[PDB]
Q: 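Have a look at this one.
All chains are named by letter (A, B, ...) in the order of the sequence lines, taking the proteins before the strands, and each is independently numbered beginning at 1. Worth knowing before you read on, the calculation uses all heavy atoms, side chains too, and leaves out hydrogens, waters and symmetry mates.
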Amino acid sequence: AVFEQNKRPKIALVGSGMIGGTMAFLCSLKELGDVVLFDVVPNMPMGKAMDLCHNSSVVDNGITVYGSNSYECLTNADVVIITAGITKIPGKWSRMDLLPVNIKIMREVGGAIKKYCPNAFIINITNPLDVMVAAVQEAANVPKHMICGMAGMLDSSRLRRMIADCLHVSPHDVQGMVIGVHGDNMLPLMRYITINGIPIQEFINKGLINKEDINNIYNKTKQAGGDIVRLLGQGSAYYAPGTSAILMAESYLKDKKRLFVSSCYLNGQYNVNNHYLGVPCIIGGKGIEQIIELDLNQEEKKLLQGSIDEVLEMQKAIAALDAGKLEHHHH
Amino acid sequence: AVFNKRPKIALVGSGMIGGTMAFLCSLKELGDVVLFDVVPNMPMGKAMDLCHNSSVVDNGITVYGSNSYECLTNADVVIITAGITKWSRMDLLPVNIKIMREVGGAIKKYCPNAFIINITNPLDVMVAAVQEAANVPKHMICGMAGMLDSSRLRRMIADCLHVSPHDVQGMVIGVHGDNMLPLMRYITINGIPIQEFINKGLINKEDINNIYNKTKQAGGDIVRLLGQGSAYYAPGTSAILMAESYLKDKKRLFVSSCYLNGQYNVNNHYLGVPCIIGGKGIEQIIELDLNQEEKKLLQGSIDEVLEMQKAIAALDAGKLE
Ligand SMILES: NC(=O)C1=CN([C@@H]2O[C@H](COP(=O)(O)OP(=O)(O)OC[C@H]3O[C@@H](n4cnc5c(N)ncnc54)[C@H](O)[C@@H]3O)[C@@H](O)[C@H]2O)C=CC1
Ligand SMILES: OC[C@H]1O[C@H](O)[C@H](O)[C@@H](O)[C@@H]1O
Ligand SMILES: OC[C@H]1O[C@H](O)[C@H](O)[C@@H](O)[C@@H]1O
């Protein structure tokens with residue numbers, strides 16, 4: 001137990017790499033709560049925590065960030081945000097080349113949650129997002145409404161930024177959603193884009209944006225993650241992903257009831273049967289408080305089935321792995 | 001050029017500290033940002049991520065990435081983190097001075113009215129190189145280190161006394177290095193001298209001496225724990241708060257490396273000293289009434305500045321050219 005007892009929320013970051021550090025920085029700056037940076041790399045999270053305790057002093061608050069290499073640091077966590085995983089193959093892009101490895105990490109993490117903080121609200125980030133969140137849930141056995149995956153907020157923010165830059169309006173007033181799988185089949189819902197509730201079609205008809213811009217933004221949204229990977233040279237995005245996850249955690253901690261496209265457990269909704277998918281939901285002090293079911297048209301249902309199939313395809317790969325079908329002995 | 005009403009902040013160097021400061025500009029809505037670096041592509045990747053971040057937090061702050069010094073055009077503030085870094089590696093200083101003079105030349109050409117903050121050590125050497133090539137007023141350029149060191153001192157006193165860091169005043173002056181001087185006599189708790197807390201038994205002199213040493217050892221402690229790299233969160237935020245004080249004419253007091261013309265018995269060199277940063281740059285340099293022991297300790301930093309200037313001149317004059 002690292003969290004010294006006090007009034008503040010206790011935020012446990014399982015994974016202290018690029019995104020974990022970003023999120024700890026945000027907690028310090030926002031005075032959101034005390035933080036533990038947990039990692040398997042020895043001492044590295046203690047170095048970042050020390051830097052971030054200094055940062056709190058820079059901005060005149062006493063938020064404490066702890067570093068830990070022990071799962072027992074999860075004791076009394078109110079929120080757990082997971083970025084744990086192996087993210088590069090030794091010797092040398094897809095959100096799936098390391099699934100066999102990271103599925104096992106997700107199950108150690110889930111078991112740690114079950115043991116040390118079974119009542120926490122859990123946000124997963126580790127890719128492939130929609131099946132990794134399920135792996136955590138099964139190992140942790142937390143209620144379905146107390147766990148989700150961060151992806152839609154990030155994908156939606158990229159759609160919204162591009163519309164905003166095109167129209168010269170604040171992103172504050174661009175409503176936009178990307179649903180489905182956090183992957184190649186992600187579905188930017190171009191029909192549901194609004195400018196302060198005004199359908200984007202009205203702006204199309206006025207000549208403020210044209211159908212070519214719309215089509216390019218649809219494509220660029222799906223490509224944004226890979227575009228960032230290519231430019232960075234090493235690793236993937238971490239600023240916008242960390243802030244997206246932290247806003248979701250803040251909505252839970254302060255009962256804001258804000259709406260986030262998040263990977264949620266569905267049984268019935270969206271033609272999804274007992275697995276996760278990026279859909280609009282409401283996050284408040286009771287966890288996932290509402291799942292909103294859009295009135296998608298036939299074309300959109302067709303596109304969304306591409307996302308659902310991508311998730312199902314991944315479930316079967318995981319079934320095969322767990323069943324031992326993909327390996328054999330020397331003999 | 002890459003840059004309206006918003007302030008424009010140029011970040012020369014797009015490593016972790018540079019990205020941290022760009023992130024702060026997005027979160028605080030402080031101004032539009034350009035991440036400059038000599039590496040291709042990487043600053044554009046970070047800028048793309050940060051443009052998405054602005055939208056995550058519902059604002060339109062724009063971060064650009066560039067490999068051309070022309071991106072400094074119309075910058076209101078320039079924060080420099082460029083340079084090559086690692087016994088003694090003074091052999092790297094000539095190339096870093098070359099880099100600094102390239103930046104200063106770009107400043108002279110593209111944003112001569114900017115307020116300039118340098119983070120790359122040794123600050124007296126590197127700040128001067130920029131200033132001389134840029135030909136900017138001495139009150140419009142400084143180095144960041146004192147704010148970082150002081151924030152570390154303040155944090156440790158705060159943790160010991162169980163009071164908010166908001167209410168711990170503390171300063172670390174001199175040269176950022178093994179001769180930095182935490183002024184333990186000037187520590188106050190909302191203006192109350194720390195000695196009153198010593199006499200009352202709330203903190204003892206063993207605690208004080210330990211904190212004096214830990215403040216000097218903090219940067220290396222972090223390096224040792226990280227394995228890779230060094231601190232960048234508190235350093236980045238320290239620099240941005242100095243830039244914000246200039247941009248909003250806040251007149252906040254920071255220990256910064258300022259050009260001295262006789263204060264602290266220093267002439268024509270930069271040293272970490274308390275100063276006031278406002279809309280006119282370095283508006284005031286505060287001269288502390290240091291006692292005898294403190295001036296003696298401060299002399300270690302002053303000797304370090306002067307010894308380093310001599311060594312640099314020796315290396316340059318030894319070049320076959
Ligand atoms: N929309 C989304 O969901 C997005 C997801 N991501 C994903 O987030 C994940 C993390 O990204 P980064 O932070 O950049 O990677 P990173 O490699 O910087 O950090 C991952 C950390 O997890 C640690 N780790 C490994 N096993 C662990 C365990 N059992 N417990 C705790 N920590 C453990 C590693 O030591 C490493 O420090 C990746 O899978 C990445 O693909 C990235 C961007 C967006
Ligand atoms: O991007 C071009 C088109 O692609 C998809 O089919 C979307 O449903 C449509 O709204 C979009 O305009
Ligand atoms: O500033 C003078 C300092 O000298 C030494 O470091 C002592 O440990 C410290 O207590 C004293 O204040």
Side-chain angles (χ1 to χ4, degrees), chain A residues 21-22 24-26 28-30 41-62 64 67 153-154 156-162 164-165 168-174 176 224 227-234 236-244 247, chain B residues 19-20 22-24 26-28 39-60 62 65 147-148 150-156 158-159 162-168 218 221-238 241:
Chain A
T22 294
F25 190 37
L26 285 162
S28 176
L29 295 169
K30 294 173 77 70
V41 176
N43 294 327
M44 179 275 284
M46 288 74 158
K48 290 185 172 175
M50 180 172 295
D51 189 15
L52 287 164
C53 286
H54 302 162
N55 183 78
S56 286
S57 179
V58 174
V59 298
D60 296 319
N61 71 51
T64 303
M153 180 60 172
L154 169 70
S156 298
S157 77
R158 298 165 163 167
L159 171 60
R160 293 168 51 241
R161 172 75 198 207
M162 291 184 255
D165 290 342
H168 299 92
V169 66
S170 165
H172 177 280
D173 305 311
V174 180
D227 284 340
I228 291 173
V229 166
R230 166 171 51 81
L231 295 166
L232 287 176
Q234 57 175 332
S236 46
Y238 47 99
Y239 288 112
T243 307
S244 296
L247 292 184
Chain B
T20 294
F23 192 37
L24 283 162
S26 176
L27 296 169
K28 291 162 63 58
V39 175
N41 291 338
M42 180 269 286
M44 293 74 172
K46 289 188 173 183
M48 187 171 294
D49 189 11
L50 289 158
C51 283
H52 304 156
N53 183 76
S54 298
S55 173
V56 172
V57 298
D58 296 322
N59 76 43
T62 301
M147 181 56 172
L148 173 65
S150 301
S151 292
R152 294 166 166 171
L153 170 63
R154 294 171 44 235
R155 176 74 202 217
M156 290 184 269
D159 293 337
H162 297 85
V163 307
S164 169
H166 176 281
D167 301 307
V168 180
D221 289 341
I222 290 175
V223 167
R224 173 181 56 73
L225 291 169
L226 288 173
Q228 187 185 12
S230 57
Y232 49 88
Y233 287 121
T237 306
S238 287
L241 290 186

Q: Are the side chains of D58(B) and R160(A) in touch, meaning some heavy atoms are under 4.5 Å apart?
A: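 Contact flag for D58(B)/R160(A) side chains = yes.
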
Q: Below 4.5 Å, heavy-atom pairs only: which of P171(A), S57(A), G67(A) has the largest tally toward chain B?
A: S57(A)

Q: If we define contacts as heavy-atom pairs under 4.5 Å, which of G60(B), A234(B), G227(B), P235(B) has the most with chain A?
A: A234(B)

Q: How long is the straight-line distance from CE of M48(B) back to CD1 of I228(A), given to the nearest 0.5 Å?
A: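 Atom-to-atom, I228(A):CD1 and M48(B):CE are 6.5 Å apart.
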
Q: Quick check: closest heavy atoms across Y238(A) and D49(B), and the distance to 0.1 Å?
A: N-OD2, 3.0 Å

Q: From the options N53(B), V56(B), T62(B), select the one residue that forms a side chain to side chain contact (heavy atoms under 4.5 Å, CB included) with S26(B).
A: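 The single option meeting the side chain to side chain contact (heavy atoms under 4.5 Å, CB included) with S26(B) is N53(B).
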
Q: State, yes or no, whether a side-chain contact exists between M42(B) and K46(B) at a heavy-atom distance under 4.5 Å.
A: yes

Q: Could you look at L24(B) and say if it's the side chain, the backbone, both or neither that has a heavy atom under 4.5 Å from chain A?
A: side chain

Q: Between chain A and each of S151(B), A218(B), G45(B), count heavy-atom pairs under 4.5 Å; write down the option with the most.
A: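 Heavy-atom pairs under 4.5 Å are most numerous for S151(B).
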
Q: Name the region of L232(A), side chain, backbone, both or neither, that has any atom closer than 4.5 Å to a heavy atom of chain B.
A: both

Q: Which distance, rounded to the nearest 0.5 Å, do you find between the OH of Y239(A) and the NE2 of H52(B)?
A: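 Those atoms lie 14.5 Å apart.
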
Q: With only heavy atoms counted, which part of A164(A) is less than 4.5 Å from chain B, the side chain, the backbone, both or neither?
A: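 No part of it gets close to chain B.
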
Q: Please rank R161(A), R158(A), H172(A) by heavy-atom pairs under 4.5 Å with chain B and give me the top one.
A: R161(A)

Q: Roughly how far, to the nearest 0.5 Å, is SG of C53(A) from CE of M46(A)?
A: 12.5 Å

Q: With only heavy atoms counted, which part of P45(A) is less than 4.5 Å from chain B, the side chain, the backbone, both or neither?
A: neither

Q: Check each atom of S236(A) against the heavy atoms of chain B and say whether the ones under 4.5 Å are side chain, backbone, both or neither.
A: neither

Q: Tell me which of these, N43(A), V229(A), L29(A), has more heavy-atom pairs under 4.5 Å with chain B than the rest.
A: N43(A)

Q: Determine, step by step, whether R230(A) and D227(A) satisfy the salt bridge (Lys or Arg N to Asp or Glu O under 4.0 Å) criterion, reporting the C-alpha distance in whole Å, the side-chain angles of both residues, the deciding distance to 0.1 Å, and the verdict.
A: CA-CA 5 Å; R230(A) 166 171 51 81; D227(A) 284 340; 3.0 Å; yes

Q: Would you mind checking which part of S244(A) comes under 4.5 Å of any heavy atom in chain B, side chain (CB onward), backbone (N, CA, C, O), both or neither?
A: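 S244(A) touches chain B through backbone and side-chain heavy atoms alike.
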
Q: Do you know which of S156(A), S170(A), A237(A), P42(A) has the most heavy-atom pairs with chain B at a distance under 4.5 angstrom?
A: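 Sorted descending by pairs with chain B, the first entry is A237(A).
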
